[PDB]
Amino acid sequence: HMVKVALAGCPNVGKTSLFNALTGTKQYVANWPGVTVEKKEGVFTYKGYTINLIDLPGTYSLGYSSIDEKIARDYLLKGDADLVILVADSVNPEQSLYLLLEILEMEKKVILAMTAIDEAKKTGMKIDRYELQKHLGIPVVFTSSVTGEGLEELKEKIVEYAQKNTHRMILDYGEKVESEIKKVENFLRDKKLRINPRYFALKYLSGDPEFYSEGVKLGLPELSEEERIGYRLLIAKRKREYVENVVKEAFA
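If you check the header, you'll see the entry was determined by X-ray crystallography and the resolution is listed as 2.400 Å.

Take a look at the structure:
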């Protein structure tokens, strides 16, 4: 019947074009409650299914300082979505895949839509959609807002995947960081979190404005400024080299 889907992605990767292509005129250019930040919501039907699509603000990352990131992350973490579509620029995927990893660590249902695939075709690129799926462990679809390719296939994956029985091991951050994560996880075991403890741990150690402060209120130790920076750089670096590897394998 009703499927609620969030469109996440960096800025300028074709997220808005894809939104428009899926919903056509059946959309509103509204705003997030109390602020001027644009919020596009739309609807489309596929095989007797209604999909309510919400476009989230473009974000290169999901921290908690800028209004865009706070809004996008708030909806992902504290929101209503049944699954997420990570919109990636198929010509320059690095930054999109980095964002993807952050969301996979949230343990949300994700589909990767590689958009602007006609531009990738034209530049002579070779992208192996099946290689990507193997690496990332999620459905991957090639789409083009310009030619309309992959659009109906994406809708297919949305309804199929949304009603499919639900990505638990993702990234190894080295013994030091992994041990700290475990220590944090143990501490939170008896707490009633609304997100998995591993993600909480990564963001707390990393000094995220919301997760660090909250973690300390729950009784976790305070961290120096150097520690929080240290943890965040290491975590970022690991994500990066993972991304570079995926690209090395799936992009020829």
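Moving on, we get to the UniProt feature "binding site: Mg(2+) 1" (unreviewed entry) in the chain. As annotated by UniProt and renumbered to match this structure, "binding site: Mg(2+) 1" (unreviewed entry) occupies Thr16. Relative to the helices and strands, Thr16 resides in helix α1 (residues 15-23). With residues near it in sequence (within four places) discarded, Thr16 still touches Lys40 and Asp55.

Right, let's talk about the packing of aromatic side chains for a bit. Following the criterion strictly, the structure yields four aromatic pairs and no others. Ring geometry for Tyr199 versus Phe211: centroids 5.5 Å apart, planes at 85°, classification edge-to-face. Of this pair, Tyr199 sits in helix α8 (residues 197-205) while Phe211 sits in helix α9 (residues 209-217), and the two are 12 residues apart along the sequence. Judged by its relative accessible area of 6%, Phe211 is buried. On the numbers, 5.8 Å between centres and 20° between planes, the contact of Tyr204 with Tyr212 is stacked. Linked through ring pairs, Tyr199, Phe200 and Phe211 together constitute an aromatic cluster. One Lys or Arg, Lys191, reaches over the ring of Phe187 and ends 4.5 Å from the middle of that ring.

The next point concerns the pairing of strand β3 (residues 38-46). With five bridges joining them, strand β2 (residues 27-31) and β3 adopt antiparallel strand pairing. Counted as the bridge partner of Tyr28 is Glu41 from β3. Connecting β2 to the next strand, β3, in antiparallel fashion are six residues, including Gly34 with a positive phi near 90°. Of the pairings in the sheet, the one linking β3 to strand β4 (residues 49-55) comprises seven bridges and is antiparallel in character. In the sheet register, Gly42 faces β4, and the bridge partner there is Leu53. Between β3 and β4, which pair antiparallel and follow one another directly, the connecting turn spans two residues, one of which, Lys47, has a positive phi of 55°.

Rules used throughout
Residues numbered from 1 in each chain as written, not as in the entry; some residues may be left out. Heavy atoms only, no water. Residues with missing side-chain atoms left out of burial classes, pairs and counts. UniProt positions renumbered as here; feature names shortened; annotations may be inferred. Helix = DSSP H or I, 4+ residues; strand = E, 2+ residues; numbered from the N terminus. Contact = heavy atoms within 4.5 Å. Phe/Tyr/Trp six-rings, centres within 6.5 Å; stacked < 30°, edge-to-face > 60°. Buried < 20%, exposed > 50% of the residue type's maximum accessible area, 1.4 Å probe, protein only. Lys NZ or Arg CZ within 6 Å of the ring centre and 35° of its normal. Pairing = 2+ DSSP bridges.

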